[PDB]
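Novice: Below: the sequence, then the experimentally determined structure.
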Amino acid sequence: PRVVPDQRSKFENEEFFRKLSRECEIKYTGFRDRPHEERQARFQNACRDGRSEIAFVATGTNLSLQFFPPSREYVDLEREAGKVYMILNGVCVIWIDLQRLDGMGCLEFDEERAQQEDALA
Amino acid sequence: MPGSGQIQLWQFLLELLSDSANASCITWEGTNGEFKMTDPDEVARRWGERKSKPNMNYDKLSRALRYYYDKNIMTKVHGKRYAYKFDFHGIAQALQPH
Amino acid sequence: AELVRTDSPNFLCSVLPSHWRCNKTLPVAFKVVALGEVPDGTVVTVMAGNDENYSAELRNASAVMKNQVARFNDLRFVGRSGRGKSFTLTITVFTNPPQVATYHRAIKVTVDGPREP
DNA sequence: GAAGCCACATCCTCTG
DNA sequence: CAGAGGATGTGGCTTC
């Protein structure tokens, strides 16, 4: 089973999820042993490719992301200058400074896919 | 830094370079950072005398020195029988920040 | 080899021991199991998660799913967790869409593996 | 003071 | 055989 039966419940009951429901402190974890300049380019070119590695500093939780099903509503570099805007533990769920390679982010329960996925059973 | 309190190699080794009376066993080789190795196994012996490590030889002390490469303390003069040199332009990034 | 639970009950992985040395040949290599049928060829990477140094350095961190069992030639933990502190290492499966199982209290990464003090 | 560091120790290996 | 190097125990020394 790709997902848990009570998909909505686990998100609204697990300390793990609710601890990441609020806007938390995140940062780019890619190529840590590389100069700030190289890390800046790698992270931007990759975002344009629709992928990256971002982790919630506070909690310690890392993630490899894929902004797809090039996109628009998944990777927008226009909503603000100098920055840019999956199934986690059987739960369908859904900005970084282009200079500091850090920022804020959070998780959001995916009602849509939760249904589509749950329907595949 | 903990080079102060507890004894090092590079901190120790250079008690013998600067001191005229220990040239029996080593010497500065030139204007630029370089150093010769006179008795390769009397060297190691005294580093045992200090470290309280009587088993010590060149092979042992030497390995320790070859670590320094990746950390940019010192480097090898290629092909020369027992001669390396100190990187100071890096000892001060290794003893202070930026 | 022996297995342990996950935070996604669709996947399981090795019993990575309590406390080990920074960058060692692991005492038991890393197996990662696919219960859900996965195309044998899909990639799996891990990322060491901890409130302190939130992305640690790892080696042979990427592996290939084969016979529904992704194995890591030899994973090695370089970036230390700290005193009393372990890794909640993340586990990615490269698919459309990819999926992850968090894994709290995985392993304590210090410079000495636990010598008789 | 065990729990993390540290900077060699001691080791056996290649490979020029 | 020297010389770079992985692996793994060792002992002194700061830090919780």
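Specialist: Done, it's in. Numbering: from 1, shown residues only, chains lettered A, B, ... in the order given.
Novice: Now do the contacts for residue A:53.
Specialist: A:28-30, A:62-65, C:47, C:55 (CB atoms under 8 Å, 6 or more residues apart in numbering or on different chains). No exception for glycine: its C-beta is placed from N, CA and C like everyone else's.
Novice: Quickly find the element holding residue C:70.
Specialist: Per DSSP states H and E, residue C:70 falls inside strand C:69-72.
Novice: For that strand, name the packing helices and strands.
Specialist: strand C:30-34, strand C:62-64 (3 or more CB pairs under 8 Å, 6 or more residues apart in numbering or on different chains; DSSP states H and E).
Novice: Just say which of those strands is most tucked in.
Specialist: Among the helices and strands packed on strand C:69-72, ranked by average contacts under mean count of other CB atoms under 10 Å in any protein chain shown, first place goes to strand C:30-34 (a mean of 20).
Novice: roughly how far is the helix or strand following that one from the heart of the chain?
Specialist: Following strand C:30-34 in sequence order, the next helix or strand is strand C:43-47 (DSSP H and E). Centroid displacement of strand C:43-47 relative to its chain, using CA atoms, centre = their mean, to the nearest Å, is 8 Å.
Novice: could you say which helix or strand contains residue A:107?
Specialist: Applying DSSP H and E, one finds residue A:107 in no helix or strand.
Novice: Quick one: residues contacting it.
Specialist: A:11, A:17, A:20-21, A:88, A:93-94.
Novice: rerun at 7 Å
Specialist: A:17, A:20-21, A:93 (CB atoms under 7 Å, 6 or more residues apart in numbering or on different chains).
Novice: which ones are touching the nearest residue to residue C:95 once chain neighbours are set aside?
Specialist: Nearest non-adjacent residue to residue C:95, counting by CB to CB, 6 or more residues apart in numbering or on different chains: residue C:42, 5.7 Å away. Each residue near residue C:42 by CB under 7 Å, 6+ apart is listed here: C:65, C:93-95.
Novice: Looking at the residues you listed, which are in strands?
Specialist: Mapping these onto strands (DSSP state E) picks out C:93-94.
Novice: most neighbours, which of the contacts of residue C:42?
Specialist: Within these, most neighbours by other CB atoms under 10 Å in any protein chain shown means residue C:93, with 25 neighbours.
Novice: Correct me if wrong: that one contacts residue C:44.
Specialist: Yes. Using CB atoms under 7 Å, residue C:93 is in contact with residue C:44, at 5.5 Å.
Novice: helix/strand/coil for the residue in chain B that chain C sits nearest to?
Specialist: Per CB to the nearest CB, residue B:70 is where chain B lies closest to chain C, at 13.2 Å. Assigned by DSSP: H, G, I helix; E, B strand; the rest coil, the conformation of residue B:70 is helix.
Novice: Unless I misread the structure, residue C:91 falls within a helix.
Specialist: No. The assignment for residue C:91 is strand, going by three-state DSSP, so no helix is present there.
Novice: Quick check: bridge partners of it?
Specialist: Applying DSSP bridges to residue C:91 gives these bridge partners: residue C:46.
Novice: mind listing what it touches?
Specialist: Residues in contact with residue C:91 (CB under 7 Å, 6+ apart) are C:11, C:13, C:32, C:44, C:46, C:100-101, C:103.
Novice: CSV for the residues you listed, including distance to DNA strand D?
Specialist: Output for the contacts of residue C:91, formatted as CSV (distance: CB to the nearest atom of the strand, whole Å):
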residue, distance to DNA strand D
C:11, 28
C:13, 22
C:32, 26
C:44, 27
C:46, 19
C:100, 26
C:101, 25
C:103, 18
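Novice: Between those, which sits nearest DNA strand E?
Specialist: residue C:46 (18.5 Å; CB to the nearest atom of the strand).
Novice: re earlier: in the strand holding residue C:70, what's buried?
Specialist: Within strand C:69-72, the residues scored as buried using 16 or more other CB atoms under 10 Å in any protein chain shown are C:70-72.
Novice: again with stretch C:107-117
Specialist: Buried positions in stretch C:107-117, judged by neighbour count with 16+ other CB under 10 Å: C:107-109.
Novice: likewise stretch B:61-71?
Specialist: Neighbour count says stretch B:61-71 has B:61, B:65, B:68 buried, by 16+ other CB under 10 Å.
Novice: ok, now how distant is the last one from DNA strand E?
Specialist: Pointing back at residue B:68 there. According to CB to the nearest atom of the strand, to the nearest Å, residue B:68 stands 10 Å off from DNA strand E.
Novice: Determine the longest helix present in chain A.
Specialist: In chain A, taking DSSP state H as the definition, the longest helix is helix A:36-49.
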